[PDB]
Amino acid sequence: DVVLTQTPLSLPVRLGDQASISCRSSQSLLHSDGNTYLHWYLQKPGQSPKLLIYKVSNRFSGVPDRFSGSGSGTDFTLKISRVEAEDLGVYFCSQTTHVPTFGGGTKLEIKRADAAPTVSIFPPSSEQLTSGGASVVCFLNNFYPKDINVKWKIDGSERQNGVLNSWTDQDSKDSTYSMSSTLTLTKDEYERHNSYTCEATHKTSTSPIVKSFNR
């Protein structure tokens, strides 16, 4: 088949700045009829891919003049000037000269100003207790960069196992992230202790953002 390799794999870019995605194929995409069917697509979080550029450089309908494409042999490039929030997502290149193939994709991330997190701690709901486990959730909302560390303390003692951390995709509006840390204990483990504390350490601070509840 025709292989399409895209670079970079991840692309951090500032608002209003310029981004450049490349796509290289394993063979020539020039068709006998003289056209080159290399296209670009944008896939936003949760949404399906949308066509931006067709036949190397033709912009699709509604596609702003900020998106432009070019080609040269087996090398192709997608360019986005004046990058803006709504531009985040994964850009793919694809060809239809031969059996259709797609590139691996390039995630475009919005490099924005740091934002300190807002912490909320939710003790377990009594509705969960009969499951045999209890989940204490520490929600860190609207922060940036993505990197963050959450530590859990049960009655002063740090607890490492039983924790599951997961992030949201970058927000289309303010370009921040949110993440939740979930500490899951056996029901009785949870009742043999009274103070549950989660400490979050983010680039936006030295002192840990602490949130805790007592039963």
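Note that residue numbering begins at 1 and tracks the sequence as displayed.
The PDB entry reports B-factors from which the mean C-alpha value can be compared for 153-161 and 178-186; the larger average falls on 153-161. Of the two segments examined, 197-205 and 20-28, it is 197-205 that shows the higher average Cα temperature factor in the deposited entry. Of all the options 90, 93, 83, 134, the entry's greatest CA B-factor is assigned to 83. The deposited CA B-factor of residue 172 belongs to the highest third of values across its chain.
The PDB entry assigns residue 55 a C-alpha temperature factor belonging to the lowest third of its chain's modelled residues. Ranked by C-alpha B-factor against the other modelled residues of its chain, residue 5 falls in the lowest third. Compared with the other modelled residues of the chain, the Cα B-factor recorded for residue 39 ranks in the lowest third.
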